[PDB]
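**Q** So that we are looking at the same thing, I have put the structure below in structure tokens.
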Ligand SMILES: CO[C@@H]1O[C@H](CO)[C@H](O)[C@H](O)[C@H]1O
């Protein structure tokens with residue numbers, strides 16, 4: 001672990 | 001709440 | 001078509017689907033992980049036959065999907081999912097089907113696909129995915 | 001382009017963007033929610049100026065984005081986001097820009113966009129979205 005919480009991320013769009 | 005756990009859902013893709 | 005909704009699980013072990021190189025995606029079935037045991041999802045079958053089967057067996061848990069992509073377009077008057085491609089951190093599976101029509105894609109920087117739902121008649125009409133950390 | 005990454009917040013109150021009808025999406029700034037208070041995000045500006053500014057002021061918390069979509073295409077040699085549309089449970093904002101090129105969309109059945117990251121040069125090059133329940 002680290003102490004930074006995490007979050008779902010989707011992407012990228014825009015020819016990447 | 002209810003007692004049913006929840007999840008992120010992305011979509012739909014395809015027919016509307 | 002007939003609706004299906006597998007729910008959410010701990011991960012994905014295998015995807016079994018079928019496709020036709022002139023039409024669209026047909027059958028779709030998933031072997032999920034559920035807390036370390038394989039959970040055999042219901043085989044969601046097309047109303048018609050004549051498709052080619054593919055087994056995508058993933059090296060769970062080190063291998064996991066990073067991008068689902070595909071095309072949507074007409075078949076027989078219906079908007080359906082014409083192709084799918086599954087890119088993991090280890091390799092690419094597909095495209096399967098017909099790579100024509102409207103592109104779509106879901107790339108994931110962080111998180112996991114843990115479930116599918118959708119509708120299949122003669123072909124895969126539409127689908128959605130459950131995401132989790 | 002210059003990379004940016006707002007991180008994750010608790011929802012979205014306002015989107016300030018700009019575009020040009022001959023080119024593409026230029027600048028991008030979000031007023032997030034942070035625990036029921038407004039948080040004014042960094043303002044991510046194009047290297048050039050000339051764009052038409054737009055403010056999308058959502059009726060937070062009852063109004064939330066359900067789909068983001070757009071077009072990517074080539075502008076003077078650069079492949080960029082040429083168009084954006086934001087559809088909420090209340091109405092559709094956009095298309096802003098030029099709707100030509102390859103389409104993309106992120107429709108959400110359950111969950112919230114709670115942050116943006118991406119890259120902006122002359123135009124918006126690409127973007128990702130943080131999602132949360
Ligand atoms: C031709 O039958 C149909 O299959 C289609 C394409 O998959 C749609 O699902 C229709 O609802 C179902 O009736």
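**Q** Got a sec? Which of D:79, D:31 is closer than 13 Å to residue D:120 by Cα and either within 14 Å of the chain's Cα centre (by Cα) or surrounded by 14 or more Cβ atoms within 10 Å (Cβ to Cβ) (or both)?
**A** Residue meeting the stated conditions: D:79.
**Q** Of the conditions (1) more than 16 Å from the ligand (Cβ to nearest atom); (2) not in a strand (DSSP E or B), residue C:47 satisfies every one except a single condition; which number is it?
**A** It fails just one condition, (1).
**Q** Hey, another quick one. Contact list please: Cβ distance under 7 Å, first residue in chain A and facing chain D (nearest Cβ under 7 Å), second residue surrounded by 16 or more Cβ atoms within 10 Å (Cβ to Cβ) and assigned to a loop (DSSP other than H, G, I, E, B), pairs at least six apart or on different chains.
**A** Here the result reads A:7/D:8; A:8/C:111; A:9/C:111, each pair linking chain A to a residue that is surrounded by 16 or more Cβ atoms within 10 Å (Cβ to Cβ) and assigned to a loop (DSSP other than H, G, I, E, B).
Table: residues versus (1) in a loop (DSSP other than H, G, I, E, B); (2) within 16 Å of the ligand (Cβ to nearest atom).
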| position | (1), (2) |
| --- | --- |
| C:66 | no, no |
| C:69 | no, no |
| C:85 | no, no |
| C:99 | yes, no |
| C:117 | no, yes |
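**Q** Among the residues of region C:8-22, is any part of a loop (DSSP other than H, G, I, E, B), more than 13 Å from the ligand (Cβ to nearest atom) and either farther than 27 Å from residue D:67 by Cα or within 12 Å of the chain's Cα centre (by Cα) (or both)?
**A** Yes, because at least one residue in region C:8-22 is part of a loop (DSSP other than H, G, I, E, B), more than 13 Å from the ligand (Cβ to nearest atom) and either farther than 27 Å from residue D:67 by Cα or within 12 Å of the chain's Cα centre (by Cα) (or both).
Note: ideal-geometry Cβ built from the backbone for every residue, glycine included; neighbour counts use all protein chains shown. Each value in this text was obtained by applying a stated rule to the coordinates, not by laboratory testing.
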